[PDB]
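First the structure, in the form of structure tokens, and then the observations on it.
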Amino acid sequence: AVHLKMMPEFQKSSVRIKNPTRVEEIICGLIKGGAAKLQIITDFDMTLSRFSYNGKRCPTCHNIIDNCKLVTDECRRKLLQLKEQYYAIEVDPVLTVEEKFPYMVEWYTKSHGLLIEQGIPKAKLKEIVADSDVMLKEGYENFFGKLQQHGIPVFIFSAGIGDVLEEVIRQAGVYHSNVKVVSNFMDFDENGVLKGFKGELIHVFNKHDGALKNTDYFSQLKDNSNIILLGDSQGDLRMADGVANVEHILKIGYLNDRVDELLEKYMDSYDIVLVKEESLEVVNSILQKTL
Ligand SMILES: [Mg+2]
């Protein structure tokens, strides 16, 4: 029997929940099923990593390269100008999510295009990452560690850059066997220098597409019919569209930004909404009762 009232992690002021009885019933399904039926499906940028530290804005995977020493101030100016004009579309109240698709395709293509120009070697991503200002959410050793310990599938599904992501987690010591990473991976020329990106593009609004194109992975996990989903965008709610069967799914959303404009919508679509929150402790607390 689950009582949110008696879990101190749910009493923190950043936790918003439209439907506490509904959430208690989902978590109770999670606990009943135990390890055998659990899998995690998760975004990375701003979900597993922090949106801010010590008054400062934290880098996305892409930002790690934008900001590194192999990239010119004139490239950074251009990249900023793309952010300006395209982010305004991303967040445009009037356009339907579907209308923003071609815009997003353009933005990520152009900005990946500028990085291919800078000449980024694979051999160098280790150092770039080590020198960067990236940070994982408080509680990440525990999150990943209980999950590896119990062999729980973790599907990290990212519109970032996959080589960067994987380097972050490897240097954190948490890129264990149970962790599968699906992202935009770089394509290297025979000098081991970035020439383009592999596969089809994952951006913020089309994770339905990628989720259905990973059927292999999901059908292997048919028995894992209890899911915990973690994201920070509305688009991350699509990340479970490929799952074989669902008995219980819990959806946890990081509302980092645009709090007043988006609270009602986030509270409406995510089960738990974590407001300006830089830790994984609510999810860790669920893992502790479940595992
Ligand atoms: Mg994200």
Side-chain angles (χ1 to χ4, degrees), residues 39-49 58-68 70-71 75 79 82 86 101 104-132 134 136 144 153-218 220-221 230-233 235-236 238-242:
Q39 71 171 294
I40 312 301
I41 292 172
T42 183
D43 178 49
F44 186 78
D45 286 316
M46 314 291 93
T47 293
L48 284 174
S49 70
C58 288
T60 76
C61 291
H62 207 285
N63 290 151
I64 292 169
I65 319 299
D66 305 335
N67 290 338
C68 82
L70 290 176
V71 162
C75 191
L79 288 162
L82 295 175
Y86 281 99
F101 261 72
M104 288 320 298
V105 168
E106 288 173 34
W107 187 13
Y108 286 59
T109 307
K110 284 166 181 169
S111 93
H112 287 170
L114 287 180
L115 301 176
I116 303 155
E117 303 192 316
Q118 291 311 292
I120 288 98
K122 181 143 148 159
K124 289 284 173 272
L125 297 168
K126 199 170 156 53
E127 285 179 4
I128 286 158
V129 169
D131 307 355
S132 74
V134 78
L136 302 170
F144 284 109
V154 174
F155 181 85
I156 303 174
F157 190 3
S158 186
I161 308 187
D163 309 72
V164 182
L165 191 167
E166 286 190 322
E167 195 65 43
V168 179
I169 61 175
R170 169 181 303 115
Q171 300 185 5
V174 302
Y175 193 4
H176 307 297
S177 62
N178 70 316
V179 171
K180 201 228 198 301
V181 172
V182 167
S183 200
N184 301 298
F185 277 85
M186 312 182 140
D187 192 34
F188 288 100
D189 68 20
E190 54 202 44
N191 304 299
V193 175
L194 179 68
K195 64 168 179 176
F197 280 79
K198 291 178 187 325
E200 288 158 338
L201 179 70
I202 303 158
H203 58 79
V204 57
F205 295 141
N206 76 342
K207 289 184 167 186
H208 176 77
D209 300 353
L212 263 62
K213 294 203 292 173
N214 275 286
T215 286
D216 308 283
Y217 173 86
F218 293 105
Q220 264 130 26
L221 294 177
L230 304 125
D232 65 285
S233 99
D236 296 328
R238 308 300 292 270
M239 305 180 289
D241 289 350

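Positions are given from 1, in the same order as the sequence printed here.
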Is the shortest heavy-atom distance from the side chain of [X] to the side chain of [Y] under 4.5 Å?
| X | Y | result |
| --- | --- | --- |
| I41 | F218 | yes |
| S132 | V168 | no |
| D232 | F44 | no |
| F101 | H203 | yes |
| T60 | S49 | no |
| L115 | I161 | yes |
| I169 | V181 | yes |
| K126 | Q171 | yes |

Is a donor on one side and an acceptor on the other found under 3.5 Å between the side chain of [X] and the backbone of [Y]?
| X | Y | answer |
| --- | --- | --- |
| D131 | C68 | no |
| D236 | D43 | no |
| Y108 | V204 | yes |
| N206 | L201 | yes |

Can you tell me how far [atom2] of [Y] sits from [atom1] of [X], rounded to the nearest 0.5 angstrom?
| X | Y | atom1 | atom2 | answer |
| --- | --- | --- | --- | --- |
| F197 | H112 | CZ | NE2 | 4.5 Å |
| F144 | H176 | CZ | NE2 | 7.5 Å |
| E117 | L194 | CD | CG | 11.0 Å |
| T42 | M239 | OG1 | CE | 6.0 Å |
| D163 | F188 | CG | CZ | 5.0 Å |

Practice task
Could you label the plane-to-plane angle of the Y217 and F155 rings as parallel, tilted or perpendicular, counting under 30° as parallel and over 60° as perpendicular?
Solution key: tilted
Taking all non-hydrogen atoms of both residues into account, name the closest pair between [X] and [Y] and its distance.
| X | Y | value |
| --- | --- | --- |
| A211 | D241 | CB-N, 4.0 Å |
| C61 | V164 | O-CG1, 3.4 Å |
| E167 | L125 | CG-O, 3.9 Å |

Practice task
Quick one: which residue pairs count as a side chain to side chain donor-acceptor pair (under 3.5 Å) with a foot in residues 178-191, not counting sequence neighbours?
Solution key: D187-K198
Problem - side chain to side chain donor-acceptor pair (under 3.5 Å) against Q118, all qualifying residues, sequence neighbours excluded - result: none
Handout entry: Worked check of side chain to side chain contact (heavy atoms under 4.5 Å, CB included) between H62 and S111
Key = CA-CA 9 Å; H62 207 285; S111 93; 2.8 Å; yes
Problem - Residue pair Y175, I156: steps toward the side chain to side chain contact (heavy atoms under 4.5 Å, CB included) verdict - result: CA-CA 11 Å; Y175 193 4; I156 303 174; over 6 Å; no
